[PDB]
Structure formats: structure tokens, C-alpha cells
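Text of the file structure_13.txt, holding compact mmCIF, C-alpha atoms and all ligand atoms:
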```txt
# COMPACT_ATOMS: atom_id res chain seq x y z
CA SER W 1 148.22 42.16 78.11
CA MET W 2 148.49 45.38 76.01
CA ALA W 3 152.14 46.33 76.35
CA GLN W 4 152.31 42.49 76.08
CA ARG W 5 150.28 42.00 72.89
CA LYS W 6 151.54 39.40 70.41
CA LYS W 7 153.54 40.75 67.48
CA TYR W 8 152.59 40.51 63.82
CA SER W 9 153.61 41.89 60.48
CA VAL W 10 152.00 41.92 57.05
CA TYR W 11 154.27 41.51 54.03
CA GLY W 12 153.29 41.45 50.37
CA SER W 13 152.10 43.85 47.71
CA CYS W 14 150.61 47.30 48.36
CA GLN W 15 147.65 45.29 49.75
CA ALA W 16 149.74 44.23 52.75
CA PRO W 17 150.03 47.64 54.49
CA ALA W 18 146.34 48.19 53.61
CA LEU W 19 145.41 44.90 55.30
CA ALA W 20 147.41 45.81 58.43
CA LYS W 21 145.60 49.18 58.57
CA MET W 22 142.24 47.43 58.29
CA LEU W 23 143.04 44.78 60.93
CA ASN W 24 144.33 47.43 63.36
CA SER W 25 140.95 49.19 63.07
CA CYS W 26 139.14 46.20 64.65
CA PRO W 27 139.15 46.74 68.45
CA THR W 28 139.14 43.00 69.24
CA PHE W 29 142.12 42.38 66.94
CA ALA W 30 143.97 45.47 68.22
CA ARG W 31 143.48 44.27 71.83
CA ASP W 32 145.60 41.19 71.04
CA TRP W 33 148.06 42.20 68.32
CA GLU W 34 150.73 44.84 67.81
CA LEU W 35 151.94 45.60 64.28
CA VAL W 36 155.64 45.66 63.42
CA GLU W 37 155.61 47.29 59.95
CA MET W 38 157.37 45.77 56.93
CA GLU W 39 157.79 47.68 53.68
CA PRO W 40 155.97 45.96 50.82
CA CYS W 41 157.74 43.88 48.17
CA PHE W 42 157.84 46.61 45.50
CA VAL W 43 159.50 49.20 47.69
CA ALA W 44 161.60 47.49 50.39
CA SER W 45 165.28 48.26 50.01
CA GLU W 46 167.93 45.59 50.45
CA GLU W 47 169.01 47.16 53.72
CA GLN W 48 165.39 47.09 54.95
CA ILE W 49 164.70 43.52 53.90
CA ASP W 50 168.00 42.36 55.45
CA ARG W 51 167.03 44.05 58.74
CA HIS W 52 163.59 42.47 58.73
CA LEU W 53 165.06 38.99 58.20
CA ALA W 54 167.47 39.55 61.09
CA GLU W 55 165.41 41.59 63.55
CA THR W 56 161.71 41.60 62.68
CA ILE W 57 160.64 38.17 61.50
CA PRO W 58 162.45 36.12 64.19
CA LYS W 59 160.45 38.07 66.81
CA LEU W 60 156.97 37.63 65.26
CA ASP W 61 154.11 35.57 66.65
CA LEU W 62 152.29 36.00 63.33
CA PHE W 63 153.49 36.65 59.77
CA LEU W 64 150.62 37.44 57.42
CA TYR W 65 151.99 37.51 53.92
CA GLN W 66 151.12 37.35 50.26
CA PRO W 67 152.97 34.97 47.93
CA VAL W 68 156.03 36.60 46.30
CA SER W 69 158.24 34.64 43.92
CA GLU W 70 162.04 34.54 43.99
CA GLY W 71 162.02 35.72 40.36
CA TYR W 72 160.35 39.04 41.22
CA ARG W 73 163.33 40.82 42.85
CA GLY W 74 165.47 37.98 44.21
CA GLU W 75 165.41 35.44 47.02
CA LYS W 76 165.58 38.09 49.79
CA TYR W 77 162.10 39.44 48.92
CA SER W 78 160.47 36.04 48.34
CA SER W 79 157.77 34.80 50.70
CA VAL W 80 159.43 31.36 51.04
CA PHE W 81 162.71 32.89 52.24
CA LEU W 82 161.13 35.42 54.59
CA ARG W 83 158.75 33.00 56.28
CA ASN W 84 161.65 30.55 56.78
CA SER W 85 163.06 32.96 59.38
CA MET W 86 159.99 32.69 61.67
CA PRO W 87 160.69 31.48 65.22
CA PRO W 88 159.53 28.10 66.58
CA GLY W 89 155.87 28.40 67.53
CA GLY W 90 155.34 31.35 65.19
CA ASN W 91 152.51 31.17 62.65
CA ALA W 92 152.88 32.17 58.97
CA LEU W 93 149.56 32.54 57.12
CA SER W 94 149.39 33.29 53.43
CA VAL W 95 146.83 35.74 52.10
CA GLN W 96 145.51 35.85 48.56
CA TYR W 97 146.95 38.45 46.19
CA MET W 98 143.73 40.07 45.04
CA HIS W 99 143.71 40.79 41.28
CA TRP W 100 140.54 41.06 39.20
CA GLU W 101 140.20 42.50 35.68
CA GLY W 102 136.43 42.06 35.47
CA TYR W 103 135.51 45.73 35.87
CA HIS W 104 138.20 47.08 33.54
CA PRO W 105 139.02 44.35 31.06
CA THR W 106 141.01 46.74 28.84
CA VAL W 107 143.40 47.86 31.63
CA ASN W 108 146.77 46.47 32.65
CA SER W 109 150.22 47.80 33.59
CA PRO W 110 153.16 48.38 31.25
CA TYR W 111 155.44 45.44 30.52
CA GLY W 112 158.60 46.19 28.53
CA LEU W 113 157.52 49.85 28.35
CA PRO W 114 158.43 52.72 30.63
CA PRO W 115 156.61 52.80 33.96
CA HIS W 116 153.48 54.93 33.72
CA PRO W 117 153.25 57.62 36.43
CA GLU W 118 149.74 56.41 37.25
CA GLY W 119 150.69 52.69 37.27
CA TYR W 120 148.05 51.57 34.73
CA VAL W 121 147.47 51.82 31.00
CA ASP W 122 144.71 50.86 28.61
CA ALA W 123 145.99 47.79 26.78
CA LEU W 124 143.17 47.88 24.24
CA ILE W 125 144.47 51.32 23.22
CA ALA W 126 147.91 49.70 22.80
CA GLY W 127 146.30 47.23 20.36
CA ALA W 128 144.58 50.08 18.52
CA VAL W 129 147.92 51.94 18.20
CA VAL W 130 149.50 48.81 16.69
CA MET W 131 146.48 48.50 14.29
CA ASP W 132 146.92 52.17 13.23
CA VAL W 133 143.50 53.08 14.64
CA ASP W 134 143.56 56.86 15.23
CA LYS W 135 142.67 58.21 18.68
CA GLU W 136 139.59 60.04 17.38
CA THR W 137 138.26 56.83 15.80
CA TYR W 138 138.79 54.96 19.07
CA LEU W 139 136.91 57.60 21.07
CA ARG W 140 133.97 57.35 18.63
CA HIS W 141 133.85 53.54 19.16
CA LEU W 142 133.76 53.26 22.96
CA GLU W 143 130.22 51.86 22.84
CA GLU W 144 131.10 49.16 20.29
CA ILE W 145 134.01 48.13 22.52
CA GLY W 146 131.78 48.12 25.63
CA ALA W 147 129.10 46.13 23.78
CA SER W 148 131.68 43.48 22.87
CA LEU W 149 132.88 43.23 26.46
CA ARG W 150 129.26 42.96 27.64
CA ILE W 151 128.64 40.04 25.28
CA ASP W 152 131.79 38.45 26.74
CA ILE W 153 131.19 39.24 30.44
CA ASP W 154 130.78 35.60 31.53
CA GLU W 155 133.95 34.55 29.69
CA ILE W 156 135.86 37.43 31.31
CA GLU W 157 134.60 36.55 34.81
CA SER W 158 135.32 32.82 34.34
CA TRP W 159 138.92 33.63 33.41
CA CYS W 160 139.30 36.04 36.35
CA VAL W 161 138.11 33.33 38.75
CA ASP W 162 140.41 30.71 37.17
CA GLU W 163 143.45 32.97 37.56
CA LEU W 164 142.73 33.22 41.30
CA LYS W 165 142.07 29.48 41.64
CA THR W 166 145.33 28.64 39.80
CA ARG W 167 147.25 30.92 42.16
CA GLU W 168 145.65 29.30 45.23
CA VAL W 169 148.05 26.38 44.60
CA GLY W 170 150.90 28.69 45.71
CA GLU W 171 153.55 27.91 43.08
CA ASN W 172 155.19 31.28 43.87
CA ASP W 173 155.19 30.41 47.61
CA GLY W 174 157.04 27.09 47.30
CA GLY W 175 153.89 25.11 46.47
CA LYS W 176 152.10 26.00 49.72
CA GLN W 177 148.32 26.39 49.26
CA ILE W 178 147.13 29.93 50.02
CA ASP W 179 145.66 29.96 53.55
CA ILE W 180 143.21 32.87 53.28
CA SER W 181 141.18 33.79 50.15
CA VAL W 182 137.99 35.55 49.03
CA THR W 183 137.52 34.08 45.52
CA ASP W 184 133.89 32.95 45.98
CA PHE W 185 133.01 36.28 47.56
CA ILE W 186 134.47 38.24 44.64
CA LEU W 187 132.63 36.30 41.94
CA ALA W 188 129.34 36.33 43.83
CA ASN W 189 129.42 40.05 44.64
CA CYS W 190 131.35 41.75 41.83
CA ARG W 191 128.31 42.90 39.83
CA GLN W 192 126.43 44.13 42.89
CA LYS W 193 129.22 45.95 44.76
CA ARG W 194 132.32 47.68 43.44
CA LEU W 195 135.09 45.47 44.83
CA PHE W 196 138.12 46.89 42.95
CA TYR W 197 139.14 50.43 41.97
CA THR W 198 141.88 48.96 39.72
CA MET W 199 142.73 45.34 38.90
CA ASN W 200 144.94 45.14 42.01
CA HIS W 201 143.46 47.79 44.32
CA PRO W 202 140.54 46.38 46.36
CA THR W 203 137.94 48.83 47.59
CA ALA W 204 137.10 49.17 51.30
CA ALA W 205 134.38 46.51 51.12
CA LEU W 206 136.83 43.93 49.77
CA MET W 207 139.59 44.93 52.22
CA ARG W 208 137.11 44.46 55.09
CA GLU W 209 136.16 41.05 53.72
CA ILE W 210 139.75 39.74 53.46
CA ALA W 211 140.61 41.18 56.90
CA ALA W 212 137.57 39.30 58.28
CA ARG W 213 138.84 36.04 56.74
CA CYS W 214 142.22 36.64 58.36
CA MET W 215 140.52 37.03 61.74
CA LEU W 216 138.55 33.81 61.23
CA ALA W 217 141.81 32.00 60.39
CA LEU W 218 143.24 33.29 63.68
CA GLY W 219 140.30 31.83 65.64
CA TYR W 220 138.13 34.90 66.20
CA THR W 221 134.32 34.49 65.98
CA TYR W 222 132.15 36.27 63.39
CA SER W 223 130.86 38.51 66.19
CA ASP W 224 134.43 39.64 67.06
CA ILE W 225 134.89 41.25 63.65
CA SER W 226 134.25 44.97 63.10
CA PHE W 227 136.19 47.57 61.16
CA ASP W 228 136.42 51.32 60.68
CA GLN W 229 133.93 51.80 57.81
CA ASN W 230 135.69 55.01 56.74
CA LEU W 231 138.98 53.32 55.86
CA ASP W 232 139.54 52.93 52.11
CA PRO W 233 143.31 52.52 51.89
CA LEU W 234 143.74 51.79 48.16
CA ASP W 235 141.55 54.57 46.74
CA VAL W 236 144.31 56.61 45.03
CA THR W 237 143.26 55.64 41.49
CA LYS W 238 139.80 54.74 40.22
CA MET W 239 139.42 53.23 36.77
CA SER W 240 136.22 54.02 34.88
CA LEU W 241 134.08 51.27 33.33
CA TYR W 242 133.50 51.48 29.58
CA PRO W 243 130.07 52.45 28.19
CA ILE W 244 127.44 49.67 27.90
CA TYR W 245 129.68 47.25 29.83
CA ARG W 246 129.22 49.50 32.88
CA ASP W 247 125.46 48.87 32.79
CA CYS W 248 126.07 45.21 33.80
CA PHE W 249 126.92 46.55 37.29
CA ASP W 250 124.35 47.62 39.87
CA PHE W 251 126.41 50.57 41.12
CA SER W 252 126.91 52.36 37.78
CA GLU W 253 125.95 56.05 37.61
CA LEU W 254 127.26 58.98 35.57
CA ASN W 255 127.79 60.64 32.17
CA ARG W 256 128.17 57.80 29.60
CA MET W 257 131.42 56.54 31.14
CA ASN W 258 132.54 58.15 34.39
CA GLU W 259 135.55 60.40 34.93
CA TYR W 260 138.72 58.59 36.01
CA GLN W 261 140.58 59.35 39.22
CA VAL W 262 144.35 59.11 38.88
CA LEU W 263 146.69 59.88 41.81
CA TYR W 264 143.71 61.50 43.62
CA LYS W 265 142.97 63.83 40.68
CA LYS W 266 139.87 63.65 38.49
CA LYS W 267 140.32 63.34 34.73
CA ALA W 268 137.48 63.31 32.17
CA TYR W 269 137.31 60.06 30.21
CA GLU W 270 137.94 61.67 26.79
CA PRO W 271 141.21 63.42 27.68
CA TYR W 272 142.26 60.40 29.75
CA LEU W 273 141.90 58.06 26.77
CA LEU W 274 143.41 60.52 24.30
CA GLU W 275 146.43 60.85 26.63
CA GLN W 276 146.78 57.05 26.64
CA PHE W 277 147.18 57.19 22.86
CA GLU W 278 149.78 59.95 23.23
CA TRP W 279 151.65 57.91 25.85
CA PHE W 280 151.85 54.77 23.70
CA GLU W 281 152.82 56.77 20.60
CA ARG W 282 155.97 57.93 22.48
CA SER W 283 157.29 54.35 22.78
CA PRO W 284 158.67 52.17 19.96
CA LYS W 285 155.81 50.56 18.04
CA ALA W 286 157.52 47.16 18.22
CA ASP W 287 157.53 47.37 22.03
CA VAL W 288 153.91 48.49 22.18
CA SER W 289 153.06 45.49 19.93
CA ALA W 290 155.01 43.09 22.17
CA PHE W 291 153.10 44.47 25.17
CA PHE W 292 149.73 44.09 23.48
CA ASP W 293 150.55 40.54 22.37
CA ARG W 294 151.55 39.60 25.91
CA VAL W 295 148.29 40.98 27.37
CA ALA W 296 146.08 39.56 24.61
CA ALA W 297 147.58 36.07 24.53
CA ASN W 298 145.34 34.68 27.28
CA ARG W 299 142.58 37.30 27.10
CA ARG W 300 140.46 36.41 24.04
CA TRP W 301 137.97 39.23 24.64
CA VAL W 302 140.65 41.90 24.06
CA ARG W 303 141.35 40.94 20.41
CA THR W 304 137.64 40.24 19.96
CA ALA W 305 136.71 43.77 21.09
CA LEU W 306 139.38 45.30 18.83
CA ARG W 307 138.08 43.28 15.84
CA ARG W 308 134.39 43.94 16.48
CA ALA W 309 134.92 47.70 16.92
CA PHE W 310 137.51 48.34 14.19
CA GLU W 311 137.39 45.71 11.40
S1 LIG W 401 148.87 46.30 45.43
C1 LIG W 401 149.33 46.48 43.75
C2 LIG W 401 150.81 46.73 43.69
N1 LIG W 401 151.31 46.41 42.39
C3 LIG W 401 152.28 45.53 42.21
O1 LIG W 401 152.81 44.92 43.13
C4 LIG W 401 152.68 45.29 40.78
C5 LIG W 401 151.81 44.18 40.21
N2 LIG W 401 151.94 42.90 40.89
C6 LIG W 401 153.00 42.10 40.72
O2 LIG W 401 153.92 42.42 39.98
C7 LIG W 401 153.00 40.75 41.41
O3 LIG W 401 151.65 40.34 41.61
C8 LIG W 401 153.79 40.62 42.74
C9 LIG W 401 153.08 41.31 43.89
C10 LIG W 401 155.18 41.23 42.64
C11 LIG W 401 153.96 39.13 43.04
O4 LIG W 401 154.63 38.52 41.92
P1 LIG W 401 154.89 36.97 41.72
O5 LIG W 401 156.00 36.80 40.70
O6 LIG W 401 155.05 36.28 43.04
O7 LIG W 401 153.56 36.34 41.07
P2 LIG W 401 152.14 36.92 40.59
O8 LIG W 401 151.43 35.75 39.97
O9 LIG W 401 151.47 37.63 41.73
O10 LIG W 401 152.46 38.03 39.50
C12 LIG W 401 152.98 37.71 38.22
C13 LIG W 401 152.18 38.51 37.19
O11 LIG W 401 150.81 38.11 37.21
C14 LIG W 401 149.98 39.25 37.44
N3 LIG W 401 148.84 38.73 38.20
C15 LIG W 401 148.78 38.45 39.53
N4 LIG W 401 147.56 37.93 39.85
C16 LIG W 401 146.87 37.85 38.69
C17 LIG W 401 145.54 37.38 38.32
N5 LIG W 401 144.71 36.91 39.27
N6 LIG W 401 145.19 37.46 37.02
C18 LIG W 401 146.02 37.94 36.06
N7 LIG W 401 147.25 38.40 36.34
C19 LIG W 401 147.71 38.36 37.61
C20 LIG W 401 150.87 40.24 38.17
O12 LIG W 401 150.35 41.57 38.03
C21 LIG W 401 152.18 40.02 37.44
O13 LIG W 401 152.06 40.69 36.17
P3 LIG W 401 153.33 40.93 35.21
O14 LIG W 401 152.77 41.80 34.11
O15 LIG W 401 153.78 39.57 34.74
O16 LIG W 401 154.33 41.64 36.08
CL CL W 402 158.28 34.35 69.26
CL CL W 403 135.16 33.32 49.59
CL CL W 404 132.99 53.61 36.77
CL CL W 405 131.80 37.98 16.57
```
Starting from the file, give its structure as C-alpha cells.
Ligand SMILES: *SCCNC(=O)CCNC(=O)[C@H](O)C(C)(C)COP(=O)(O)OP(=O)(O)OC[C@H]1O[C@@H](n2cnc3c(N)ncnc32)[C@H](O)[C@@H]1OP(=O)(O)O
Ligand SMILES: [Cl-]
Ligand SMILES: [Cl-]
Ligand SMILES: [Cl-]
Ligand SMILES: [Cl-]
Amino acid sequence: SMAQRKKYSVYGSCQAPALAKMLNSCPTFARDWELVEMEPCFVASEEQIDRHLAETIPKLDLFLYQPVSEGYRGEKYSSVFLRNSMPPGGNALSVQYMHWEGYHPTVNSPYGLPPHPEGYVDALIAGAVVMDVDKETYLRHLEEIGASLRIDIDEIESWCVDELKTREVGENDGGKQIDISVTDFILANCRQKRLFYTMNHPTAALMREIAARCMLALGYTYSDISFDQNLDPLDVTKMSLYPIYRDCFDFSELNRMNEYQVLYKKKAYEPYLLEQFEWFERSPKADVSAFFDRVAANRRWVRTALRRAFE
């Protein structure tokens, strides 16, 4: 019934609690399923993950999860190890980890550098710092950078799709193919609808879409699927598209590059980008260079933009 709904959990990145929130907002889903919450992979403590292996997972009818490698934090947090503890007759369905750099091709997260309080940094700025390009020069060249990215938009999108398709194979989930994905949807809609606020924070529209695919995988009909349209669980931070590049997107509005939102606060694009320079200049140059090299290695358009703007 209702006090006798089946039990499910959602484990994975920050997208996992967001997906549970979205699913719970569908009355037909909520009629059948009761959430038992699991902390996501980046925050679960050892005590918490131990408890979930012992007490949560063996009681689930459904484990919706994103692939998480053993190398991330250890076996205990890995999707292979967690799903192994499911009871007989339980169902474990993998859900795509949604990552897409196509709106903000200059943005990534620190590797080998201190964590940034906002979680994201502009990697092209890191390259400029290494190249001894001054912050004022960079700010005067935003259009040249955006023009380069615009010329390269198809290459960028092709790579973004390939990264998702490669991950569908599930190497970080013991070689199990990902059950539930939205790759074709993302490519087909990305220029028409804003699908990501940051590379790994889907907007409401994308969260609804993936939640819908989960419901289809569970055997619900298309007509069963409806969500709270006001839910936008990953809206904390909103990266701004660069000038010129932004005009490739149907939704693009204000001010020659929009303000950023970071941790729910608005920040004008000029001070935001100047502060990125200041942040990188605090770290050892060798480490900033290692970071930029790591980002640029498989992202041709990044070095191309730096060269076209600053050579
Ligand atoms: S909801 C956003 C919360 N943020 C995070 O969890 C931090 C960023 N994500 C990750 O570190 C990983 O994606 C997690 C969730 C821990 C899973 O890690 P795995 O070891 O299982 O494997 P991944 O392939 O998911 O991650 C490895 C690196 O690859 C980046 N990444 C994932 N997906 C893509 C796509 N499609 N394109 C490019 N890069 C992608 C991850 O961010 C991660 O980056 P590193 O810089 O190597 O940490
Ligand atoms: Cl059971
Ligand atoms: Cl799809
Ligand atoms: Cl924008
Ligand atoms: Cl060229």
C-alpha cells in the first residue's frame, strides 16, 4: 500500500539526492516508492557508508545509483561494492553521471590545487597565468576567446558526446553498461534549452528528463510521468557563457556576458574573472601549469583559444 510502499535509495554524485527529490515529486512514483536517503559519494563518512551497507542496501527493493570507481575514495564507496549488498529480488539500476562542458568550455574544477570555495575555476585563465598574460589583457580579449570557441562549437560538442558514450560502457562500475542515460537528449537540445548550470549541475529541465527515463526503466508509462516544475535542485552556481559563443544558444540574454551566480550570490563577470586570476596567482606556477596541461591535453579548443586570443 502506502505504509507498504517499496523502498529505494539513490546513491552517486550530488545528482543523486537531486534525482531522488525529483522522483519523489511525481505523484505516481511517490504512490509506489519510499526513499531511504543515502549520503552522496563525496560526503558520506565511513561510519555512514558502513551503516548503509549493513542496514540500508540489504532492505532495498530498488537501488538507483551512478557509477563510482574504487579509486575515488576506496572500495566502500564504489558502486560495484555497494550494489553487491542488494537482497535477492532487488533491482540495481545505473544512472548516467551527467557532465557536459559545452556551455562553459573554459571551466573545470581544480586538480592538484586547493579546493575552490565555489567548486569551479576557469581553466583558460590558468593557461593565461602560465603564459604570463595579465588579467587586464585577458578581460580585453573575451570576445576573441568566445569567437574561437564559436568556430570550434561542433568539435566541442562532439567531444562532450563522446565522453558520455565512452562512460556508458561502465568501466568504473565493473564493466556494467549504464542502464539509464540522456545522451541523445542532451546533444539534440543543448543549444535550444539551458541543460546545465555548471558542467556537472543539470538544470531542472535535464533533471526532469533523467527522472522520466528512470520511471520508464521501472515500467511506468509516459502518461504516468509528471514532476514539480518549480524544483531546480542544483541551481546553487550558474556559470556565464563567454561573449560571442553565448550567441550560439537560443536562450542567451544580457549585458555582453551575463553575471555569474556563485553559492547563490551574483557576481559581475569582470570581477569574477579578475578574481580567478588572483586565485591562480596564489598557487605555485608549476602546479597551475600541471593543472592546465591536464585539462588541455584532450581539449584541443582550449589551447586553440589561448593561441588565437594571445599570440
Ligand atoms: S554533482 C557534482 C558533484 N561533483 C563531484 O562529485 C566532483 C566531480 N566528479 C567526480 O569527481 C566524479 O565524476 C565522481 C562522481 C567521483 C565519480 O568518479 P569516477 O572515478 O567513478 O569516474 P568519473 O569518470 O565520473 O570521474 C573521473 C573524472 O572525470 C570527470 N568526468 C566525469 N564525466 C565526464 C565527462 N563526461 N567528460 C569529461 N570529464 C568527466 C570527473 O569530473 C572526474 O574529474 P577529475 O578531474 O579526474 O577528478
Ligand atoms: Cl527486499
Ligand atoms: Cl536520450
Ligand atoms: Cl549565461
Ligand atoms: Cl587558427
Closest atom pairs, stretch 50-95 of chain W residues within 12 Å of stretch 199-221 of chain W, all atoms listed in the file, as a tab-separated table:
```
residue	atom	partner	partner_atom	distance
W:61	CA	W:218	CA	11.5
W:62	CA	W:218	CA	9.5
W:63	CA	W:214	CA	11.4
W:64	CA	W:214	CA	8.5
W:65	CA	W:214	CA	10.8
W:91	CA	W:218	CA	9.6
W:92	CA	W:218	CA	10.8
W:93	CA	W:217	CA	8.4
W:94	CA	W:214	CA	9.3
W:95	CA	W:214	CA	7.8
```
Residue selection dump (C-alpha atoms) as a compact mmCIF listing (two decimals), in the frame of the given file:
```txt
# COMPACT_ATOMS: atom_id res chain seq x y z
CA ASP W 61 154.11 35.57 66.65
CA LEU W 62 152.29 36.00 63.33
CA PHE W 63 153.49 36.65 59.77
CA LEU W 64 150.62 37.44 57.42
CA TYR W 65 151.99 37.51 53.92
CA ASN W 91 152.51 31.17 62.65
CA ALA W 92 152.88 32.17 58.97
CA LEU W 93 149.56 32.54 57.12
CA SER W 94 149.39 33.29 53.43
CA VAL W 95 146.83 35.74 52.10
```
Using only C-alpha atoms, which protein or nucleic acid residues come within 8 Å of stretch 238-249 of chain W? Drop anything in the same chain fewer than 6 positions from it, and give the result as a PDB file with C-alpha atoms, in the coordinates of the input.
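Contents of around24.pdb, freshly written:
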```
ATOM      1  CA  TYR W 103     135.510  45.730  35.870  1.00  0.00           C
ATOM      2  CA  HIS W 104     138.200  47.080  33.540  1.00  0.00           C
ATOM      3  CA  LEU W 142     133.760  53.260  22.960  1.00  0.00           C
ATOM      4  CA  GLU W 143     130.220  51.860  22.840  1.00  0.00           C
ATOM      5  CA  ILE W 145     134.010  48.130  22.520  1.00  0.00           C
ATOM      6  CA  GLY W 146     131.780  48.120  25.630  1.00  0.00           C
ATOM      7  CA  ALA W 147     129.100  46.130  23.780  1.00  0.00           C
ATOM      8  CA  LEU W 149     132.880  43.230  26.460  1.00  0.00           C
ATOM      9  CA  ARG W 150     129.260  42.960  27.640  1.00  0.00           C
ATOM     10  CA  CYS W 190     131.350  41.750  41.830  1.00  0.00           C
ATOM     11  CA  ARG W 191     128.310  42.900  39.830  1.00  0.00           C
ATOM     12  CA  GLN W 192     126.430  44.130  42.890  1.00  0.00           C
ATOM     13  CA  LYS W 193     129.220  45.950  44.760  1.00  0.00           C
ATOM     14  CA  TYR W 197     139.140  50.430  41.970  1.00  0.00           C
ATOM     15  CA  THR W 198     141.880  48.960  39.720  1.00  0.00           C
ATOM     16  CA  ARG W 256     128.170  57.800  29.600  1.00  0.00           C
ATOM     17  CA  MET W 257     131.420  56.540  31.140  1.00  0.00           C
ATOM     18  CA  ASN W 258     132.540  58.150  34.390  1.00  0.00           C
ATOM     19  CA  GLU W 259     135.550  60.400  34.930  1.00  0.00           C
ATOM     20  CA  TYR W 260     138.720  58.590  36.010  1.00  0.00           C
ATOM     21  CA  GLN W 261     140.580  59.350  39.220  1.00  0.00           C
ATOM     22  CA  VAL W 262     144.350  59.110  38.880  1.00  0.00           C
ATOM     23  CA  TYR W 269     137.310  60.060  30.210  1.00  0.00           C
TER      24      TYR W 269
END
```
Could the residues of stretch 136-227 of chain W that have an atom at most 12 Å from stretch 270-277 of chain W be listed as a tab-separated table, each with its closest atom pair and the distance in Å to one decimal, counting only C-alpha atoms and ordered by chain and ascending residue number?
```
residue	atom	partner	partner_atom	distance
W:136	CA	W:274	CA	7.9
W:137	CA	W:274	CA	10.6
W:138	CA	W:273	CA	8.9
W:139	CA	W:270	CA	7.1
W:140	CA	W:270	CA	10.1
W:141	CA	W:270	CA	11.9
W:142	CA	W:270	CA	10.1
```
Can you write just those residues out, C-alpha atoms, as a JSON list (two decimals), in the coordinates of the input?
```json
[["chain", "number", "residue", "atom", "x", "y", "z"],
["W", 136, "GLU", "CA", 139.59, 60.04, 17.38],
["W", 137, "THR", "CA", 138.26, 56.83, 15.80],
["W", 138, "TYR", "CA", 138.79, 54.96, 19.07],
["W", 139, "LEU", "CA", 136.91, 57.60, 21.07],
["W", 140, "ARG", "CA", 133.97, 57.35, 18.63],
["W", 141, "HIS", "CA", 133.85, 53.54, 19.16],
["W", 142, "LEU", "CA", 133.76, 53.26, 22.96]]
```
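With only C-alpha atoms as the basis for measurement, W:227 is the residue among W:100, W:310, W:227, W:159 that approaches residue W:28 most closely.
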Wanna dump the chain W-ligand CL 403 (chain W) contacts at 8 Å for me, each residue with its shortest atom pair and the distance in Å to one decimal, counting all atoms listed in the file, ordered by chain and number, as CSV?
```
residue,atom,partner,partner_atom,distance
W:181,CA,W:CL403,CL,6.1
W:182,CA,W:CL403,CL,3.6
W:183,CA,W:CL403,CL,4.8
W:184,CA,W:CL403,CL,3.8
W:185,CA,W:CL403,CL,4.2
W:186,CA,W:CL403,CL,7.0
```
*asked:* Show me which residues line ligand LIG 401 (chain W), defined as having an atom within 9 Å of a ligand atom where all atoms listed in the file count, and present them as a ChimeraX atom specification.
replied: /W:12-16,18,40-42,66-73,78-79,97-101,108-111,119,159-167,171-173,198-202,234,294-295
*Would you mind listing the residues within 9 Å of ligand CL 405 (chain W), counting all atoms listed in the file, as JSON, numbers by chain?*
{"W": [148, 304, 305, 307, 308]}
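Candidate residues W:231, W:254, W:3, W:288 were compared for distance to residue W:131, and the nearest is W:288, using all atoms listed in the file.
What separates atom CA of residue W:9 from atom CA of residue W:263 is a distance of 26.8 Å.
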*Around ligand CL 402 (chain W), at most 6 Å away and counting all atoms listed in the file, which residues are there? Put them as a ChimeraX atom specification, please.*
/W:59-61,87,90
*Find, counting only C-alpha atoms, the residue in W:178, W:102, W:124, W:17 that gets nearest to residue W:152.*
W:102
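Distance-wise, atom CA of residue W:1 and atom CA of residue W:32 end up 7.6 Å apart.
Nearest to ligand CL 404 (chain W) of all the residues W:253, W:144, W:311, W:293 is W:253, counting only C-alpha atoms and all ligand atoms.
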*Distance of atom CA of residue W:31 from atom CA of residue W:5, expressed in Å to one decimal place*: 7.2 Å
If I wrap all listed atoms of stretch 235-252 of chain W in a box with edges along x, y and z and add 4 Å on each side, what are its centre and edge lengths in Å to one decimal, as JSON?
```
{"center_x": 134.3, "center_y": 50.9, "center_z": 37.3, "size_x": 28.0, "size_y": 19.4, "size_z": 26.8}
```
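Minimum atom-to-atom distances from W:188, W:80, W:126, W:225 to residue W:29 were compared using all atoms listed in the file, and the lowest value belongs to W:225.
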*Extract, using only C-alpha atoms, all DNA, RNA and protein residues at most 9 Å from residue W:46, discarding same-chain residues fewer than 5 positions from it, and format them as an MDAnalysis selection string.*
chainID W and resid 51 76:77
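Closest to ligand CL 404 (chain W) among W:264, W:196, W:291, W:301 is W:196, based on all atoms listed in the file.
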*Contact residues around residue W:122 with all atoms listed in the file at 6 Å, ignoring same-chain residues under 3 positions, as a ChimeraX atom specification*: /W:106-107,125
Write out, as a PDB file, in the coordinates of the input, the residues just selected, with C-alpha atoms.
```pdb
ATOM      1  CA  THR W 106     141.010  46.740  28.840  1.00  0.00           C
ATOM      2  CA  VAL W 107     143.400  47.860  31.630  1.00  0.00           C
ATOM      3  CA  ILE W 125     144.470  51.320  23.220  1.00  0.00           C
TER       4      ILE W 125
END
```
